[PDB]
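Q: Here you go, one structure.
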Amino acid sequence: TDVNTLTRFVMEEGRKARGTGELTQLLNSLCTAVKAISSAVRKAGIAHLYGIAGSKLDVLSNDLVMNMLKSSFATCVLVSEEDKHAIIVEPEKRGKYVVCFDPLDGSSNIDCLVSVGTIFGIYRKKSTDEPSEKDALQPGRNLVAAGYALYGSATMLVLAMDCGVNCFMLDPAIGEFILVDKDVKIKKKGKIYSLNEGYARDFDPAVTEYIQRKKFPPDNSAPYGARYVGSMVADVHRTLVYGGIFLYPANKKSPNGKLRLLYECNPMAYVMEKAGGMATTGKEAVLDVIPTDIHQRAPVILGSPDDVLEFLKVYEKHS
Amino acid sequence: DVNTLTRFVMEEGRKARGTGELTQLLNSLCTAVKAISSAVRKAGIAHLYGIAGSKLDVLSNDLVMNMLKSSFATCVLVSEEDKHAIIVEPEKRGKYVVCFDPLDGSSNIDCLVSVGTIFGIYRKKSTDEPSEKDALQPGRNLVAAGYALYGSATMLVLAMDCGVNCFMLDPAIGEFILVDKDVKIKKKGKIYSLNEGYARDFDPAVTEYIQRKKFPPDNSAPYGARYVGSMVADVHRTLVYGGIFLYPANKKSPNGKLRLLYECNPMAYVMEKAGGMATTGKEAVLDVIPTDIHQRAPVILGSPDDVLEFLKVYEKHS
Amino acid sequence: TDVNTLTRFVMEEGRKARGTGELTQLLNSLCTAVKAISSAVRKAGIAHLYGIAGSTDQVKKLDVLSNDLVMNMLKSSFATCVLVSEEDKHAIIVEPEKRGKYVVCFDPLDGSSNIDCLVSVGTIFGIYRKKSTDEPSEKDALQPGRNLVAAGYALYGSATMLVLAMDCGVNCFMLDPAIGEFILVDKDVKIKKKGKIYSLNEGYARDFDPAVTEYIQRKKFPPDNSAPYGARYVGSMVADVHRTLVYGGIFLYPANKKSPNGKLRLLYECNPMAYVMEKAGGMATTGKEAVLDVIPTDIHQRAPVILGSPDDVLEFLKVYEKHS
Amino acid sequence: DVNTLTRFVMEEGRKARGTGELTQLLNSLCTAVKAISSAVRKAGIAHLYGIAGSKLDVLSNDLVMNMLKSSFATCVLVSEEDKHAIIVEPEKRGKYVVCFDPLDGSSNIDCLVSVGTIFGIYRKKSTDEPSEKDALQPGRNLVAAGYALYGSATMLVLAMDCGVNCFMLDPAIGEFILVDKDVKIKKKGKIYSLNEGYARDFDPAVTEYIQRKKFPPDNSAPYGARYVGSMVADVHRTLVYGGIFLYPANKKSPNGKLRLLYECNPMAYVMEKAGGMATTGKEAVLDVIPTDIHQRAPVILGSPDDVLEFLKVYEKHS
Ligand SMILES: CCc1cc([N+](=O)[O-])c2[nH]c(C(=O)O)c(CCC(=O)NS(=O)(=O)c3cccs3)c2c1
Ligand SMILES: CCc1cc([N+](=O)[O-])c2[nH]c(C(=O)O)c(CCC(=O)NS(=O)(=O)c3cccs3)c2c1
Ligand SMILES: CCc1cc([N+](=O)[O-])c2[nH]c(C(=O)O)c(CCC(=O)NS(=O)(=O)c3cccs3)c2c1
Ligand SMILES: CCc1cc([N+](=O)[O-])c2[nH]c(C(=O)O)c(CCC(=O)NS(=O)(=O)c3cccs3)c2c1
Ligand SMILES: O=P(O)(O)OC[C@H]1O[C@](O)(COP(=O)(O)O)[C@@H](O)[C@@H]1O
Ligand SMILES: O=P(O)(O)OC[C@H]1O[C@](O)(COP(=O)(O)O)[C@@H](O)[C@@H]1O
Ligand SMILES: O=P(O)(O)OC[C@H]1O[C@](O)(COP(=O)(O)O)[C@@H](O)[C@@H]1O
Ligand SMILES: O=P(O)(O)OC[C@H]1O[C@](O)(COP(=O)(O)O)[C@@H](O)[C@@H]1O
């Protein structure tokens, strides 16, 4: 019942645990970045560019998250969609955490104003040798914290840690993320499937037959609903809230899927498992995949357990 | 040389003679659209969840209703959220009929997916005293029509005889900034939009069209698939990037789902004033004369060439 | 009755009079600049000046950016011909493409000299009409305040409020920073006939002529054995004048030695607040004549001003009438 | 390199080890201030005037209250708006005592004058059970104090033993941005501030001192009068531009009007830390042992040389 905010949640789960403060401040700083990304995505100031005072979003998001993570004095390696190679933090500002993020996911189609988001996934540095790109190559199992911000009909940050998955709604009136769902867990089975079917020609037989099973029920029930926005963050958030399954399977145009492991697949897979769901690559679990490159693509099928398991059974049959 | 909706709306009105009522209708309407935005972005949510201690469908409809009522430019008012028509009280009557969906796609509003307002303004056909028949005009007679997208940012799209204009809201000052003038649509796209969870129930014409897209017949490249589940969001994508949108008829919806007067007709008028088309398969959406204010209709809108590619497949199976 | 926004009220009243629509157009563009000023004064985006994104239009002083906003909104309205401002020594003649009927005199950000202490500041405006038959010039701004089509201010205080005086009367609108509309909160307001506040800079006590020095003692030591008036001086005209509109009372900025002909500017401070006051049942006097009756010879002309509640202003006037 | 208050209030804590409770207090306090600013600037005023169909003292108090109880860092809470010391429920208790005025100057708020939230943080010293007594500490024992000014913009002024620090609220992101660091006051000023309507009732000492500033002794230049009527507003001017602020004993209030624990004592700590001075004419405001939570006190604060000059005149007449 009693109120609580994202700032207080992270400075109290971090308070009530050892207390180095770096991860508290990293997350602290990270929401402040997201709040700034939100106002820019809501186009708050477009009038000054169009002549109110008189005579980039994907780039600006990357700058904000980087800048802030750097100033947090808690990051040593930083991997992003935009920056090809990793970003080794200047000595002065280094901490002990490796952060992998997609600063604006879906801005390929931001000109139609579709829901976009910010995906993040925090690792701690295991190695002793001087920081490097290779420190980002940890398996998804090793995620200290992951989550995503959604810039949709409203802004929401979904934080996943060992203590569970907690969903915060940005009240733009006060500039504060408000806790509106505690320790969320996904439905066991849903009525929704999320898939780009223009690649129907190029599907695995198992993916094809699972969709046929959903479209044309094999147990004389009701067919599922198709819901594909075109931005992972939105579809996954629906898959959390409403239940169901999300699929970006391996094609032939993309033999390894399209969604990147380190900063797209793994963070969403962590959120799913920490909330009673599951995510798999078909053959191995997304979190158990060991990266060899930081921009490594991966197939990913995440969502409600009784559905992903149904998929997985069909994967047995077609392998 | 900044050009706001409120400025646009009274120069296009002055550039079209006439009283000034429609300007003040669109002013009141967009003021309500600004207040829907505020609630949809969840401003004040902390007070509900107990920052001091201790519904959107309805709120959105109340905002639109009170604003259009107070505008002195409405006689009949038709909404999703009202089974009957709203005969505006005589002291506040105007010369226009507004058919609107206050918040479209709110069924799945809890996933925080793009919702929107849809509207379409007619001019009274009445001679004496208004009635719900004034809303029962074909889409061809639409004075003005458009929508507002509460997505990545809030955009009002306004189609009129002078064309389709897109205004971005600037939340900092609450002004709609003209960012796209007289918009026209790609002649053909690589996007298709429908709910394939009804594939069991689709017409043979529909099914073949999708096979043509999933499996190009001319050995080109397969089209793309996008169904947000919200008409504003899908229509606006079909406007911006191009492509095709369908919510066709099937056996368990012989008349589609999407309503005529406050969903299909408004989006058809946008598309046709932007160079796209909009058909039910047999008539064009704007050419259906309604019999019921909550009448349902099939809709296949989008880029011109794409709807033509459909209509050829449709005629073959009929 | 029902909700109303500044936007309809302006374009409603501008249709109840047929009318060109320029005044409506002007009042809108002026409004839109006012919301813009408010958002900058509330320091929105101050974080992008302090390294939020790392590196970089508006590294401007707020009083300048305000002026630029009001200017580039007014010119673009196609309703203005001559524009007078405090931040401009000469009147701005609008280009022949965007010329209109009305002459506007304004103070973009009044009180910004102490905006460091975050004091209430505001935008004072006043709309005349070109009465001249010849091309626009700084002469056209030299009209008496009697010839005001409309006047008012926007107070950027605990909240942002636009006060609009016309022949209608005075109409108070509050900005809802959520939706970005001015909401009609008070309609056709009038001032309290008499009040219990007095407002002036008593640091200039050494240079007060006897009329002021007596009246002030009549308030601190009342003659009728009643109760002393309260002393209230923000140091920002929009602030003190607005309090005098809501609570009643009196506001004085008179003749000194340092500035013997007043300080407060006539065309874009005194005259507009006099129109507000007179249209709301109050008075505004120079001591000699009434403020609205003063005949300008220069655009940046100063003037002594004593405005406020009717009984209060007249009480002072009897005291000045003893000394002349 | 940006510095927010959520960073600063944690950095200082980490540097002093400490549980994390003074941090959470202030972090929770600031969210309350962010919410009060929203209310004061009239966000949602449209809905009170019927945009969709059809108190601030109390809301501000409820906000501070509920946020501080939720902080898990308070045991005793003292406010204007409750004639009682509020003792926090055992499950939500910390070790600090907060004496606060949630909205000061809202007396004269219909004219929209600058208002503000004043606060001061003590630490429970009695081994006893949390009670009103724990708040009756002299201001000297203060861990932290300050105020939130809701004027031109919103600023949180935060005084501690690491100096006084000013934080500007950026409504675009809801973040208090550090803009003036380790601030310090001019040793002498040119501005004076008091209600001269109470002239008939002032100390002969006060009356001389004002003469001494209105008509200078060294026939130099006079000071400038500035009385807003909101202590936060006047005091913040006196922090920035310098000068003096008085609310001395007249007769209707012969022991001052301004409340010691939650009006005078917090402002004294700010001045003190920023190199200023704050006296009752007898003793330092921080050195007044309180008897009642709502106890009033004569307050004279500002630039040190100017406060001393008043004190010189006081000693003559005393
Ligand atoms: C609910 C989990 C949680 C949440 C927050 N929070 O802020 O909500 C936290 N904040 C902080 C902080 O002190 O900054 C911590 C530190 C604890 C920690 O995880 N150490 S470790 O990297 O796994 C490690 C690497 C090698 C040996 S132990 C923390 C933990
Ligand atoms: C570009 C199209 C356009 C746009 C706007 N706008 O505001 O962007 C308009 N505003 C208004 C207004 O009246 O203010 C108009 C007049 C509309 C109207 O009168 N239609 S009619 O009753 O069938 C009729 C009466 C007499 C002859 S035709 C208008 C038109
Ligand atoms: C209630 C007072 C009031 C308020 C507003 N308002 O919008 O707050 C106005 N807006 C406009 C406009 O047309 O812009 C007007 C008319 C301006 C005008 O035409 N003056 S005139 O040539 O001597 C004349 C001809 C015919 C009648 S008066 C107007 C008037
Ligand atoms: C003034 C510097 C400063 C600022 C903040 N801050 O929040 O910016 C702090 N936060 C916390 C925390 O507990 O997290 C501390 C330590 C706890 C504490 O000060 N205990 S004390 O007996 O009152 C005491 C007074 C002096 C030495 S120790 C802290 C300290
Ligand atoms: O258009 P496709 O091939 O279905 O790709 C969809 C996927 O691409 C993405 O948009 C990748 O995001 P961006 O390329 O815009 O950064 C996913 O969010 C989304 O799930
Ligand atoms: O789930 P379905 O059957 O595909 O329906 C989706 C369609 O219905 C709508 O959601 C209509 O809005 P509501 O369902 O929220 O009333 C369209 O926006 C949308 O395109
Ligand atoms: O210094 P003084 O004599 O108090 O002058 C105060 C007057 O100067 C002004 O501040 C003039 O405005 P500026 O601060 O922009 O110069 C008036 O608003 C105000 O009433
Ligand atoms: O009417 P007065 O005596 O000048 O009172 C002014 C003083 O009273 C106060 O308003 C007391 O606070 P309140 O407004 O909450 O009663 C101070 O803020 C202010 O400095």
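Labels for the structure tokens follow display order: chains A, B, ..., residues from 1 in each chain, ligands from 1.
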For ligand 3, return the neighbouring residues as a ChimeraX atom specification (distance at most 6 Å; only C-alpha atoms and all ligand atoms).
A: /C:10-11,13-14,17-24,167-168
Q: Mind listing the residues within 7 Å of ligand 4, only C-alpha atoms and all ligand atoms counted, as a VMD selection string?
A: chain D and resid 8 to 14 16 to 24 26 123 143 160 to 162
Q: Which is closest to chain B among C:162, C:183, C:49, C:170, if we use only C-alpha atoms?
A: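 Under the stated criterion, the closest residue is C:183.
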Q: May I ask which of the residues B:310, B:96, B:245, B:49 is the closest one to chain A, counting only C-alpha atoms?
A: B:49
Q: Can I get the residues close to ligand 1 as a count of residues only, where close means within 6 Å and we count only C-alpha atoms and all ligand atoms?
A: 15
Q: Against chain A, which residues of chain D fall within 10 Å? For each one I want the closest pair of atoms and the distance in Å (one decimal), counting only C-alpha atoms, rows by chain and increasing residue number, as CSV.
A:
residue,atom,partner,partner_atom,distance
D:1,CA,A:71,CA,6.7
D:2,CA,A:71,CA,7.5
D:3,CA,A:71,CA,8.9
D:4,CA,A:29,CA,9.1
D:6,CA,A:28,CA,7.5
D:7,CA,A:25,CA,7.1
D:10,CA,A:25,CA,8.0
D:11,CA,A:21,CA,8.9
D:13,CA,A:21,CA,9.7
D:14,CA,A:21,CA,7.2
D:17,CA,A:19,CA,9.1
D:18,CA,A:19,CA,9.9
D:19,CA,A:15,CA,7.2
D:20,CA,A:15,CA,6.1
D:21,CA,A:15,CA,8.8
D:23,CA,A:11,CA,8.6
D:24,CA,A:8,CA,6.7
D:25,CA,A:8,CA,9.5
D:27,CA,A:8,CA,7.3
D:28,CA,A:8,CA,7.3
D:31,CA,A:176,CA,7.2
D:32,CA,A:174,CA,9.0
D:33,CA,A:174,CA,9.0
D:34,CA,A:174,CA,5.4
D:35,CA,A:174,CA,5.5
D:36,CA,A:174,CA,8.7
D:37,CA,A:174,CA,8.2
D:38,CA,A:174,CA,6.4
D:39,CA,A:173,CA,9.3
D:43,CA,A:173,CA,7.6
D:44,CA,A:173,CA,9.6
D:66,CA,A:3,CA,8.4
D:67,CA,A:3,CA,8.0
D:69,CA,A:2,CA,9.8
D:70,CA,A:3,CA,7.1
D:71,CA,A:8,CA,8.0
D:72,CA,A:12,CA,9.8
D:169,CA,A:175,CA,9.9
D:170,CA,A:175,CA,8.8
D:171,CA,A:175,CA,6.9
D:172,CA,A:39,CA,6.5
D:173,CA,A:175,CA,5.2
D:174,CA,A:175,CA,3.6
D:175,CA,A:175,CA,6.9
Q: Just to be explicit: take each residue in the selection above, keep C-alpha atoms, and write the result as a short mmCIF file (atom, residue, chain, number, x, y, z; two decimals), in the first residue's frame.
A:
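Contents of the output file part-v1.cif:
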data_model
loop_
_atom_site.label_atom_id
_atom_site.label_comp_id
_atom_site.auth_asym_id
_atom_site.auth_seq_id
_atom_site.Cartn_x
_atom_site.Cartn_y
_atom_site.Cartn_z
CA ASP D 1 29.79 17.16 -15.26
CA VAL D 2 26.24 17.25 -13.89
CA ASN D 3 25.53 17.25 -10.16
CA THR D 4 21.98 16.53 -9.04
CA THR D 6 20.22 12.70 -5.54
CA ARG D 7 23.94 12.50 -6.37
CA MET D 10 24.45 10.36 -1.51
CA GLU D 11 28.04 11.43 -2.19
CA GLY D 13 26.68 10.26 2.89
CA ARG D 14 29.06 7.72 1.35
CA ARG D 17 29.76 6.29 5.86
CA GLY D 18 26.50 6.49 7.83
CA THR D 19 23.51 4.17 7.46
CA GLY D 20 21.89 5.94 4.54
CA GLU D 21 19.06 7.49 6.53
CA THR D 23 20.14 10.54 2.56
CA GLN D 24 16.75 8.82 2.27
CA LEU D 25 15.14 11.53 4.41
CA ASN D 27 15.73 12.24 -1.04
CA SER D 28 12.17 11.63 0.16
CA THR D 31 10.24 14.36 -3.96
CA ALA D 32 7.71 16.06 -1.69
CA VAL D 33 9.04 19.47 -2.77
CA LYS D 34 8.78 18.42 -6.43
CA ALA D 35 5.13 17.57 -5.77
CA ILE D 36 4.40 20.83 -3.93
CA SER D 37 5.90 22.88 -6.77
CA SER D 38 3.60 21.05 -9.21
CA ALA D 39 0.60 22.03 -7.08
CA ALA D 43 -0.89 21.79 -12.68
CA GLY D 44 -4.44 20.50 -13.10
CA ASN D 66 3.56 10.97 4.10
CA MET D 67 6.93 11.19 2.34
CA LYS D 69 6.93 8.74 7.41
CA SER D 70 7.64 6.56 4.36
CA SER D 71 11.35 7.43 4.49
CA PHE D 72 12.01 5.04 7.41
CA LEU D 169 14.48 22.38 -10.10
CA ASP D 170 14.31 21.45 -13.79
CA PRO D 171 10.62 20.60 -14.42
CA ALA D 172 11.52 18.96 -17.74
CA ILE D 173 13.08 15.99 -15.90
CA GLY D 174 12.18 16.59 -12.24
CA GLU D 175 15.78 16.93 -11.05
#
Q: Return as a list in words the full set of residues in segment 162-251 of chain C whose backbone-based DSSP assignment is alpha helix (DSSP H).
A: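 Result set for segment 162-251 of chain C (alpha helix (DSSP H)): residues 210, 211, 212, 213, 214, 215, 216, 217, 218, 219, 220, 237, 238, 239, 240, 241, 242, 243, 244, 245 and 246 of chain C.
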Q: As number ranges by chain, please: every protein or nucleic acid residue near ligand 6 (cut-off 7 Å, counting only C-alpha atoms and all ligand atoms).
A: A: 225; B: 104-108, 195, 229-232, 257-258
Q: Please identify every polymer residue within 6 Å of ligand 7, using only C-alpha atoms and all ligand atoms, and present the set as a PyMOL selection string.
A: chain C and resi 110-113+201+235-237
Q: Quick one: distance from atom CA of residue 142 of chain B to atom 13 (O, counted along the ligand's line) of ligand 2 in Å, one decimal?
A: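 We find that atom CA of residue 142 of chain B and atom 13 (O, counted along the ligand's line) of ligand 2 lie 14.0 Å from each other.
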Q: Go through the chains and note each residue within 6 Å of ligand 5, using only C-alpha atoms and all ligand atoms, then give the set as an MDAnalysis selection string.
A: chainID A and resid 105:108 196 230:232
Q: At what distance in Å, to one decimal, does atom CA of residue 144 of chain D lie from atom CA of residue 283 of chain D?
A: 20.8 Å
Q: Could you work out how far atom CA of residue 188 of chain A lies from atom CA of residue 313 of chain A, giving the answer in Å with one decimal?
A: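 These atoms are spaced 16.0 Å apart.
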Q: Find the spatial neighbours of segment 52-65 of chain D, counting only C-alpha atoms, within a cut-off of 7 Å - ignore same-chain residues fewer than 5 positions away - and output them as a tab-separated table (two decimals) with N, CA, C and O atoms, in the first residue's frame.
A:
chain	number	residue	atom	x	y	z
B	51	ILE	N	0.94	9.50	-2.81
B	51	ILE	CA	2.07	10.36	-2.48
B	51	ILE	C	1.73	11.29	-1.31
B	51	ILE	O	2.61	11.68	-0.54
B	52	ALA	N	0.45	11.63	-1.15
B	52	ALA	CA	-0.03	12.36	0.02
B	52	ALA	C	-0.85	11.48	0.94
B	52	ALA	O	-1.36	11.97	1.96
B	59	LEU	N	-12.78	9.57	-18.98
B	59	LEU	CA	-12.16	10.89	-18.93
B	59	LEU	C	-11.98	11.48	-20.32
B	59	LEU	O	-12.35	12.63	-20.58
B	62	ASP	N	-15.27	12.54	-21.71
B	62	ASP	CA	-15.77	13.74	-21.04
B	62	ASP	C	-15.04	14.98	-21.51
B	62	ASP	O	-15.66	16.02	-21.76
B	63	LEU	N	-13.71	14.89	-21.65
B	63	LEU	CA	-12.92	16.02	-22.13
B	63	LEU	C	-13.39	16.48	-23.50
B	63	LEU	O	-13.68	17.66	-23.71
B	66	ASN	N	-17.27	17.85	-23.23
B	66	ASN	CA	-17.41	19.16	-22.60
B	66	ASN	C	-16.82	20.26	-23.48
B	66	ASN	O	-17.34	21.38	-23.52
D	29	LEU	N	12.29	13.88	1.09
D	29	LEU	CA	11.86	15.26	1.26
D	29	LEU	C	11.79	15.99	-0.07
D	29	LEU	O	10.86	16.77	-0.32
D	32	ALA	N	8.84	15.29	-2.19
D	32	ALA	CA	7.71	16.06	-1.69
D	32	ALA	C	7.73	17.48	-2.24
D	32	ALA	O	6.70	18.01	-2.67
D	36	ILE	N	4.99	19.56	-4.36
D	36	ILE	CA	4.40	20.83	-3.93
D	36	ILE	C	4.53	21.87	-5.04
D	36	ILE	O	3.57	22.58	-5.35
D	47	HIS	N	-8.96	21.09	-14.35
D	47	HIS	CA	-9.97	20.13	-13.90
D	47	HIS	C	-10.78	20.66	-12.72
D	47	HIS	O	-11.92	20.21	-12.52
D	81	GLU	N	0.97	22.85	10.54
D	81	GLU	CA	-0.39	22.44	10.23
D	81	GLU	C	-0.91	21.35	11.16
D	81	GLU	O	-2.03	20.87	10.95
D	102	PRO	N	5.32	23.55	5.76
D	102	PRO	CA	5.19	23.03	4.39
D	102	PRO	C	4.95	24.09	3.33
D	102	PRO	O	5.34	23.89	2.17
D	103	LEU	N	4.30	25.20	3.67
D	103	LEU	CA	4.03	26.26	2.69
D	103	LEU	C	3.91	27.57	3.46
D	103	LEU	O	2.87	27.84	4.07
Q: Mind checking which residues fall within 9 Å of residue 281 of chain D, counting only C-alpha atoms, ignoring those fewer than 4 positions away in the same chain, and posting them as a ChimeraX atom specification?
A: /D:248,298-300,310-311,314-315
Q: Give me, as JSON, numbers by chain, all polymer residues having an atom no more than 10 Å from segment 127-140 of chain A, counting only C-alpha atoms and skipping those fewer than 2 positions away in the same chain.
A: {"A": [76, 77, 78, 79, 85, 86, 87, 88, 89, 94, 96, 97, 98, 99, 100, 121, 122, 123, 124, 125, 142, 143, 144, 146, 261, 262, 263, 265, 266, 267, 268, 269, 270, 285, 286, 287, 288, 289, 290, 291, 292, 293, 294, 296]}
Q: Would you write out those residues with C-alpha atoms, as a compact mmCIF listing (two decimals), in the first residue's frame?
A:
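Output file selection.txt follows:
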# COMPACT_ATOMS: atom_id res chain seq x y z
CA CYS A 76 34.42 0.83 -16.32
CA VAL A 77 33.18 -0.65 -19.63
CA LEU A 78 30.18 0.60 -21.63
CA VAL A 79 28.70 -1.21 -24.64
CA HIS A 85 33.72 -0.77 -29.90
CA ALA A 86 33.31 -0.74 -26.15
CA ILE A 87 33.81 2.48 -24.18
CA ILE A 88 36.58 2.22 -21.57
CA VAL A 89 35.80 4.85 -18.94
CA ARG A 94 35.90 4.51 -13.14
CA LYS A 96 33.45 -1.65 -10.98
CA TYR A 97 30.44 -2.21 -13.27
CA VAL A 98 30.11 -3.10 -16.96
CA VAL A 99 26.94 -1.70 -18.54
CA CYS A 100 25.44 -2.82 -21.86
CA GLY A 121 21.91 -4.74 -18.45
CA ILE A 122 24.50 -4.38 -15.68
CA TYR A 123 27.40 -6.76 -15.07
CA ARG A 124 30.13 -6.52 -12.46
CA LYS A 125 33.79 -6.82 -13.44
CA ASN A 142 25.77 -13.06 -14.55
CA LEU A 143 23.46 -10.02 -14.80
CA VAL A 144 23.52 -8.06 -11.55
CA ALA A 146 18.73 -5.62 -16.05
CA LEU A 261 22.53 -10.67 -27.29
CA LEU A 262 24.36 -8.43 -24.86
CA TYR A 263 22.04 -5.40 -24.77
CA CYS A 265 18.19 -10.40 -25.72
CA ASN A 266 19.95 -10.97 -22.38
CA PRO A 267 18.33 -8.03 -20.50
CA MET A 268 14.84 -9.07 -21.60
CA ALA A 269 15.55 -12.73 -20.82
CA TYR A 270 16.66 -11.77 -17.30
CA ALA A 285 18.83 -20.64 -22.82
CA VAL A 286 19.47 -16.99 -23.69
CA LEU A 287 21.10 -16.31 -20.33
CA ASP A 288 23.39 -19.33 -20.76
CA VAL A 289 24.79 -18.11 -24.11
CA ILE A 290 28.45 -17.08 -23.79
CA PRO A 291 29.24 -14.06 -26.01
CA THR A 292 32.12 -14.03 -28.47
CA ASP A 293 31.38 -10.54 -29.84
CA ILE A 294 29.57 -7.67 -28.16
CA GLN A 296 26.48 -10.72 -31.43
Q: Do a neighbour search on residue 129 of chain D at 10 Å with only C-alpha atoms, toss out local chain neighbours closer than 5 positions, and write the hits as a ChimeraX atom specification.
A: /D:75,87,124,134
Q: Taking 4 positions as the minimum chain separation for residues in the same chain, which residues sit within 9 Å of residue 70 of chain C when counting only C-alpha atoms? Answer as a PyMOL selection string.
A: (chain A and resi 53) or (chain C and resi 29-30+32-34+37+65-66+74-75+106+108)
Q: Within 12 Å of chain A, which residues of chain C show up when using only C-alpha atoms, listed as an MDAnalysis selection string?
A: chainID C and resid 29:37 39:40 44:48 50:58 60 62 64:77 176:179
Q: Please determine, counting only C-alpha atoms, which residue among B:296, B:148, B:163, B:50 has the shortest atom-to-atom distance to chain D.
A: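 The answer is B:50, which sits nearest to chain D.
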